[PDB]
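Visitor: Once you've had a glance at the structure underneath, I'll fire off some questions.
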Amino acid sequence: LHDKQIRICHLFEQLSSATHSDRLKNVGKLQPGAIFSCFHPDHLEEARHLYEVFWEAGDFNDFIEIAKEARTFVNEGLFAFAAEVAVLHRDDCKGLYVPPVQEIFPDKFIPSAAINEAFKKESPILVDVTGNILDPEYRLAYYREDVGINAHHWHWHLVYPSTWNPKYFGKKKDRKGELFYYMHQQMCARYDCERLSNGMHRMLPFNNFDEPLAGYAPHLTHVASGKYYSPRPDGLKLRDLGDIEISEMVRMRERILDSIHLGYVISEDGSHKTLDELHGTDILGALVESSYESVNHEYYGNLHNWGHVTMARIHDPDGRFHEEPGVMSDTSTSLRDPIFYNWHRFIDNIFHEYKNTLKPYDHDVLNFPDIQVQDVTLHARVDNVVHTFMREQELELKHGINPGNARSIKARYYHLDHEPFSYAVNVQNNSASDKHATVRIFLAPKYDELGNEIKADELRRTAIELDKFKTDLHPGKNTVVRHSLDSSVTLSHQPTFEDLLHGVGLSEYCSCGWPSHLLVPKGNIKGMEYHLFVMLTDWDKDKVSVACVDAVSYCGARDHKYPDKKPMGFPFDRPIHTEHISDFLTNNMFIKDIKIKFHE
Ligand SMILES: [Cl-]
Ligand SMILES: [Cu+2]
Ligand SMILES: [Cu+2]
Ligand code: NA
């Protein structure tokens, strides 16, 4: 298995320099050096043909053999995509990690400037990553450009591929459309908490497709070709591509909004399928993204993914300038671009429209009889205050760019981080028996950037999930203690290439999950006030040998149903009809006011 791990690391090494068999016939279309789009139908189709070949490779040795052959001529982004899907899903690869994508393609995570200087200069090279900041959105560069959030977004879309065919794999990805919704909703809620942390208004939806887009220059090179991700200047409008017209996207949106308000979608055979309470968000995520499991691809289209494609190609809509797409084409770079967030707030508003047709939860669904949460305290250096700060890290570039005779080229970057903290929850169990509880913890900003109080129904768009875990409760008083390091949304550990080649990449071998260091928002130098919300629910009603649950909340569980029956984002997914969230609270719910205080 360590021998297996070594041989997988080798498939991913110097993959920008990597570049036939009847199996490999339908693959080799996209040219090496070109940027691979994780969203355009034709790049994804070639990517599926390749991971199909990898999937039906007779045995491990056969998978490595055919892969090694494919990587000599297929596009290298496509290969890393198809190869990560094979390693995640082949039974004979269980227990193996894939190398970190930021070490496979360092040039997607570090500015051209640091790469050029590292390619400019046998001792270790270190490149530390000046100029007027004239863009106010640069205040959130620490967030959008974080190495770990971009790597998480790459990995999530490969655990939950839009081309997944359950009939082919024999396996269903449980509630994949609903987790498409929730995970992108949580990225929006977390981004808006960073915007309010830095004194900015919450982001507006891109819901009018004639509005000019604001610009973003990525400053990322593609060493494989010397091509770069194309910058987008301020002031261009979406234009028709050869494959898709903007007015066709407007049709897809209208037809989806139509069905939400009628309460049923139309399948391919023309029958009506009701958006029930139980499956409606999943059905909607599949036809919105869209995925293979869309009930009617011809009618509802492919709106979210064509959004990425038209936005990534806006500088060269018909290809006449022969310019590569921008960072919105690729899941490992798209969060860098501000417009990612405006597009996903639009897409989140479609799901929000559907959640608004559902009746608010009543007290019977919210209450857990006999459990009463009596107090929550957050324990940190100062109780009920978390401190955030910037910290330095380095990334090894030698496995992905050509090191020559240097032993190591590292680039140093900085990233937000937070002191460790823990929760103590006091719970009175008034029954004469042991209860089992899921503890659900969320964080929500108290005020907006102009000091107004955010009302209960709007905290649905900004409540971020911090944890979900089972505890047992004995009759009487209980204190539940939980540590931040154990959060069910965060990746606890990514072994580097060097780790996996030696045995220091050491079950929990998947790479999806939120970065530990971005568990909580930045806050600000004064101390920004947040509602800390804790709810306990009856685990015998929630509950649905599991690998890859380190980040269960956002990533689900390997080969396993999503282990919580409640709607994703419960209790905050349905309209709350009460103005102040403190009037929402039931006895098994509690809010403690905390502050988050950034240190400059
Ligand atoms: Cl694209
Ligand atoms: Cu995404
Ligand atoms: Cu998107
Ligand atoms: Na975790």
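We name chains A, B, ... following the order of the structure tokens; residues begin at 1 in each chain, and ligands are numbered from 1 as shown.
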Tell me, as an NGL selection string, which residues lie within 7 Å of segment 450-464 of chain A, counting only C-alpha atoms; anything in the same chain fewer than 4 positions away does not count.

Guide: :A and (186 or 189-190 or 192-193 or 442-444 or 446 or 572-573 or 575-576 or 578-581)

Visitor: May I have a table of the residues of chain A lying at most 8 Å from ligand 2, giving each one's closest pair of atoms and their distance in Å to one decimal, counting only C-alpha atoms and all ligand atoms, ordered by chain and ascending residue number, as JSON lines?

Guide:
```
{"residue": "A:153", "atom": "CA", "partner": "ligand 2", "partner_atom_place_in_ligand_line": "1 (Cu)", "distance": 5.8}
{"residue": "A:154", "atom": "CA", "partner": "ligand 2", "partner_atom_place_in_ligand_line": "1 (Cu)", "distance": 7.9}
{"residue": "A:156", "atom": "CA", "partner": "ligand 2", "partner_atom_place_in_ligand_line": "1 (Cu)", "distance": 7.4}
{"residue": "A:157", "atom": "CA", "partner": "ligand 2", "partner_atom_place_in_ligand_line": "1 (Cu)", "distance": 6.3}
{"residue": "A:180", "atom": "CA", "partner": "ligand 2", "partner_atom_place_in_ligand_line": "1 (Cu)", "distance": 7.4}
{"residue": "A:183", "atom": "CA", "partner": "ligand 2", "partner_atom_place_in_ligand_line": "1 (Cu)", "distance": 7.8}
{"residue": "A:184", "atom": "CA", "partner": "ligand 2", "partner_atom_place_in_ligand_line": "1 (Cu)", "distance": 6.2}
{"residue": "A:331", "atom": "CA", "partner": "ligand 2", "partner_atom_place_in_ligand_line": "1 (Cu)", "distance": 6.6}
```

Visitor: For ligand 1, list the contacting residues at 7 Å or closer, counting only C-alpha atoms and all ligand atoms, as a PyMOL selection string.

Guide: chain A and resi 37+39-40+308-309+312-313+325+329

Visitor: Take the residues that were just selected and, keeping C-alpha atoms, output them as a PDB file, in the first residue's frame.

Guide:
```pdb
ATOM      1  CA  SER A  37     -12.403  23.868 -18.248  1.00  0.00           C
ATOM      2  CA  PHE A  39     -17.529  23.373 -16.802  1.00  0.00           C
ATOM      3  CA  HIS A  40     -17.640  23.341 -20.655  1.00  0.00           C
ATOM      4  CA  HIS A 308     -18.851  29.807 -15.702  1.00  0.00           C
ATOM      5  CA  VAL A 309     -18.180  29.208 -19.396  1.00  0.00           C
ATOM      6  CA  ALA A 312     -14.557  32.756 -18.392  1.00  0.00           C
ATOM      7  CA  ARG A 313     -14.664  33.458 -22.139  1.00  0.00           C
ATOM      8  CA  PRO A 325     -10.283  31.329 -20.692  1.00  0.00           C
ATOM      9  CA  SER A 329     -13.139  27.974 -16.255  1.00  0.00           C
TER      10      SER A 329
END
```

Visitor: List as JSON, numbers by chain the protein and nucleic acid residues lying within 6 Å of ligand 4, with only C-alpha atoms and all ligand atoms counted.

Guide: {"A": [486, 487, 488, 489, 490, 491, 492, 550, 551]}

Visitor: Return as a list in words every polymer residue, whether protein, DNA or RNA, with at least one atom no more than 8 Å from an atom of ligand 3; count only C-alpha atoms and all ligand atoms.

Guide: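 These are the residues that qualify: residues 184, 304, 305, 307, 308, 334, 340, 343 and 344 of chain A.
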
Visitor: With a distance cut-off of 12 Å and only C-alpha atoms, select the neighbouring residues of residue 161 of chain A, excluding the residue or stretch itself and same-chain residues fewer than 2 positions from it, and output the selection as a count of residues only.

Guide: 38

Visitor: Apply DSSP to the structure's backbone, then extract all residues of segment 80-305 of chain A labelled alpha helix (DSSP H) and return them as JSON, numbers by chain.

Guide: {"A": [80, 81, 82, 83, 84, 85, 86, 87, 88, 89, 101, 102, 103, 104, 112, 113, 114, 115, 116, 117, 118, 119, 120, 141, 142, 143, 144, 147, 148, 149, 150, 151, 152, 153, 154, 155, 156, 157, 158, 159, 166, 167, 168, 169, 176, 177, 178, 179, 180, 181, 182, 183, 184, 185, 186, 187, 188, 189, 190, 191, 192, 193, 194, 195, 196, 197, 246, 247, 248, 249, 250, 251, 252, 253, 254, 255, 256, 257, 258, 259, 260, 261, 262, 280, 281, 282, 283, 284, 285, 286, 287, 288, 289, 297, 298, 299, 300, 303, 304, 305]}

Visitor: Take the residues from that selection and put them in a file with C-alpha atoms, as an mmCIF file, in the first residue's frame.

Guide:
```
data_model
loop_
_atom_site.group_PDB
_atom_site.id
_atom_site.type_symbol
_atom_site.label_atom_id
_atom_site.label_comp_id
_atom_site.auth_asym_id
_atom_site.auth_seq_id
_atom_site.Cartn_x
_atom_site.Cartn_y
_atom_site.Cartn_z
ATOM 1 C CA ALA A 80 -5.317 15.250 -13.203
ATOM 2 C CA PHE A 81 -9.134 15.517 -13.153
ATOM 3 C CA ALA A 82 -9.710 11.983 -14.562
ATOM 4 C CA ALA A 83 -6.936 10.455 -12.430
ATOM 5 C CA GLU A 84 -8.286 11.985 -9.183
ATOM 6 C CA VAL A 85 -11.772 10.574 -10.020
ATOM 7 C CA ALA A 86 -10.204 7.089 -10.590
ATOM 8 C CA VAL A 87 -8.208 7.125 -7.356
ATOM 9 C CA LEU A 88 -11.209 8.323 -5.293
ATOM 10 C CA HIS A 89 -13.536 5.579 -6.534
ATOM 11 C CA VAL A 101 -3.289 19.789 -6.276
ATOM 12 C CA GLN A 102 -1.375 22.950 -5.242
ATOM 13 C CA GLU A 103 1.806 20.946 -5.415
ATOM 14 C CA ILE A 104 0.819 19.340 -8.764
ATOM 15 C CA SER A 112 3.323 34.565 -12.136
ATOM 16 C CA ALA A 113 5.843 36.842 -10.448
ATOM 17 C CA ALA A 114 6.851 34.330 -7.757
ATOM 18 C CA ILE A 115 6.966 31.483 -10.298
ATOM 19 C CA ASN A 116 9.113 33.601 -12.705
ATOM 20 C CA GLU A 117 11.563 34.501 -9.923
ATOM 21 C CA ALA A 118 11.697 30.857 -8.813
ATOM 22 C CA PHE A 119 12.328 29.890 -12.423
ATOM 23 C CA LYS A 120 14.880 32.695 -12.556
ATOM 24 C CA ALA A 141 -7.734 38.838 -1.539
ATOM 25 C CA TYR A 142 -6.582 36.972 1.561
ATOM 26 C CA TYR A 143 -9.826 35.020 1.332
ATOM 27 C CA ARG A 144 -10.479 34.591 -2.390
ATOM 28 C CA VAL A 147 -4.510 28.186 -1.320
ATOM 29 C CA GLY A 148 -6.685 25.826 0.770
ATOM 30 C CA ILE A 149 -10.157 27.153 -0.217
ATOM 31 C CA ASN A 150 -9.235 26.811 -3.918
ATOM 32 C CA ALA A 151 -7.900 23.300 -3.404
ATOM 33 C CA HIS A 152 -11.109 22.373 -1.469
ATOM 34 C CA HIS A 153 -13.267 23.560 -4.384
ATOM 35 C CA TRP A 154 -11.216 21.389 -6.822
ATOM 36 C CA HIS A 155 -11.699 18.297 -4.627
ATOM 37 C CA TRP A 156 -15.423 18.789 -3.878
ATOM 38 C CA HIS A 157 -16.296 18.870 -7.565
ATOM 39 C CA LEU A 158 -14.382 15.532 -7.985
ATOM 40 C CA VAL A 159 -16.142 13.776 -5.090
ATOM 41 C CA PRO A 166 -25.066 6.168 -11.168
ATOM 42 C CA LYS A 167 -26.095 3.429 -13.603
ATOM 43 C CA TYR A 168 -22.479 3.193 -14.873
ATOM 44 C CA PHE A 169 -20.782 3.257 -11.505
ATOM 45 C CA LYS A 176 -25.669 15.356 -4.540
ATOM 46 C CA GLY A 177 -27.920 18.113 -5.934
ATOM 47 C CA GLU A 178 -28.851 19.237 -2.420
ATOM 48 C CA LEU A 179 -25.131 19.218 -1.397
ATOM 49 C CA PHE A 180 -24.320 21.203 -4.597
ATOM 50 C CA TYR A 181 -26.820 23.771 -3.242
ATOM 51 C CA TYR A 182 -25.619 23.758 0.396
ATOM 52 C CA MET A 183 -21.941 23.733 -0.161
ATOM 53 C CA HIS A 184 -22.216 26.730 -2.575
ATOM 54 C CA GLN A 185 -24.666 28.462 -0.238
ATOM 55 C CA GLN A 186 -22.073 28.050 2.597
ATOM 56 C CA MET A 187 -19.351 29.555 0.430
ATOM 57 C CA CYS A 188 -21.639 32.542 -0.136
ATOM 58 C CA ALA A 189 -22.508 32.908 3.561
ATOM 59 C CA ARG A 190 -18.789 32.682 4.482
ATOM 60 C CA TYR A 191 -17.776 35.229 1.810
ATOM 61 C CA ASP A 192 -20.424 37.680 2.989
ATOM 62 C CA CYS A 193 -19.104 37.317 6.609
ATOM 63 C CA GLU A 194 -15.648 38.320 5.268
ATOM 64 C CA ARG A 195 -17.183 41.278 3.444
ATOM 65 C CA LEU A 196 -18.893 42.506 6.638
ATOM 66 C CA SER A 197 -15.677 41.795 8.602
ATOM 67 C CA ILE A 246 -27.040 34.436 -23.453
ATOM 68 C CA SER A 247 -30.767 34.470 -24.311
ATOM 69 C CA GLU A 248 -30.778 30.734 -24.030
ATOM 70 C CA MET A 249 -29.510 31.096 -20.414
ATOM 71 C CA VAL A 250 -32.327 33.579 -19.762
ATOM 72 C CA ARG A 251 -34.770 30.864 -21.005
ATOM 73 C CA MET A 252 -33.298 28.271 -18.634
ATOM 74 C CA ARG A 253 -33.770 30.669 -15.667
ATOM 75 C CA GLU A 254 -37.382 31.485 -16.566
ATOM 76 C CA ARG A 255 -38.283 27.867 -17.067
ATOM 77 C CA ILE A 256 -36.739 26.938 -13.703
ATOM 78 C CA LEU A 257 -38.561 29.802 -11.887
ATOM 79 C CA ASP A 258 -41.765 28.683 -13.557
ATOM 80 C CA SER A 259 -41.580 25.184 -12.200
ATOM 81 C CA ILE A 260 -40.655 26.390 -8.670
ATOM 82 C CA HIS A 261 -43.834 28.508 -8.597
ATOM 83 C CA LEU A 262 -45.987 25.756 -10.101
ATOM 84 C CA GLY A 280 -37.288 18.973 -4.096
ATOM 85 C CA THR A 281 -33.907 20.654 -3.252
ATOM 86 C CA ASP A 282 -32.005 17.642 -4.634
ATOM 87 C CA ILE A 283 -34.119 17.579 -7.891
ATOM 88 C CA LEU A 284 -33.523 21.291 -8.252
ATOM 89 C CA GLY A 285 -29.746 21.084 -7.676
ATOM 90 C CA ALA A 286 -29.433 18.436 -10.413
ATOM 91 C CA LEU A 287 -31.322 20.507 -13.033
ATOM 92 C CA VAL A 288 -29.670 23.799 -12.022
ATOM 93 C CA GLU A 289 -26.050 22.707 -12.004
ATOM 94 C CA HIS A 297 -31.646 18.534 -19.638
ATOM 95 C CA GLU A 298 -33.157 19.580 -22.966
ATOM 96 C CA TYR A 299 -35.769 21.765 -21.295
ATOM 97 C CA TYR A 300 -33.998 23.183 -18.156
ATOM 98 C CA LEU A 303 -27.507 27.220 -16.315
ATOM 99 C CA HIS A 304 -24.850 27.302 -13.543
ATOM 100 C CA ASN A 305 -22.104 25.687 -15.682
#
```

Visitor: Could you tell me how far atom CA of residue 376 of chain A sits from atom CA of residue 588 of chain A, in Å to one decimal place?

Guide: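 We find that atom CA of residue 588 of chain A and atom CA of residue 376 of chain A lie 11.8 Å from each other.
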
Visitor: From the options A:514, A:73, A:533, A:229, which residue's atoms come nearest to residue 589 of chain A, counting only C-alpha atoms?

Guide: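 Answer, going by the shortest atom-to-atom distance: A:533.
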
Visitor: Go through A:512, A:57, A:66, A:425 one by one, measure the shortest atom-to-atom distance of each to residue 479 of chain A using only C-alpha atoms, and give the residue with the smallest value.

Guide: A:425

Visitor: Hey, which of A:558, A:468, A:412, A:483 ends up closest to residue 392 of chain A? Count only C-alpha atoms.

Guide: A:412

Visitor: To one decimal place in Å, what is the distance between atom CA of residue 97 of chain A and atom CA of residue 332 of chain A?

Guide: 17.8 Å
